[PDB]
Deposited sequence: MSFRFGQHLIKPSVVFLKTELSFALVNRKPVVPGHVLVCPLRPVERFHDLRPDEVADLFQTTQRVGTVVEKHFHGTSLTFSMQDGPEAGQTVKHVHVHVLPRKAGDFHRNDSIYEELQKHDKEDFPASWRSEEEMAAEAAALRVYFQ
């Protein structure tokens, strides 16, 4: 019951939801712990978000980053927002990729492995 571009995201793979944003696990993680933080409102471009959505998207991103860097044993984090088509945006919904980074660094999984990861992550926001 979360929109992401034109896909409906099952709650089981969503591990955080605030008043204006939500975070989900990826079907295709680039690295372990690769997660996405999106505003609840589906806007395509970042300039479309209102000031309060911007504050919340990034305060949630901060919280999510801390959790995934801990949980997936990274020693750093990469945050990247591909804003727009010439920037790599495939799904047209503003979102931040958060990736746990570690020294010197398919991986496709099931809806159930996704849901198990999300459940693990939910424990850090209790």
Deposited-sequence ranges lacking CA coordinates, in order, are 1, 107-126
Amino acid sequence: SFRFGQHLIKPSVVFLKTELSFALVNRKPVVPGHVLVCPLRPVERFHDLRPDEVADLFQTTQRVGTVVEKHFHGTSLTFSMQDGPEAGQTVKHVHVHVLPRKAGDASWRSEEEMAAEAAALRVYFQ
From here on, numbers count along this sequence of modelled residues.
As a check of understanding, is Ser107 unmodelled in at least a third of the other compared entries that model its flanking residues?
yes
Do the C-alpha atoms of 87-95 or of 65-73 have the higher average B factor in the entry?
87-95
Averaged over C-alpha atoms, is the B-factor higher for 14-22 or for 108-116 in this PDB entry?
108-116
Ranked against its chain, the third holding the CA B-factor of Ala55:
lowest
Within this chain's modelled residues, let me know which third the CA B factor of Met81 belongs to: lowest, middle or highest.
lowest
Using the temperature factors of the C-alpha atoms in this entry, rank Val123 within its chain: lowest, middle or highest third.
middle
Among modelled residues of the same chain, the CA temperature factor third for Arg101:
middle
Which third, lowest, middle or highest, does the CA B-factor of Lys28 fall in along this chain?
highest
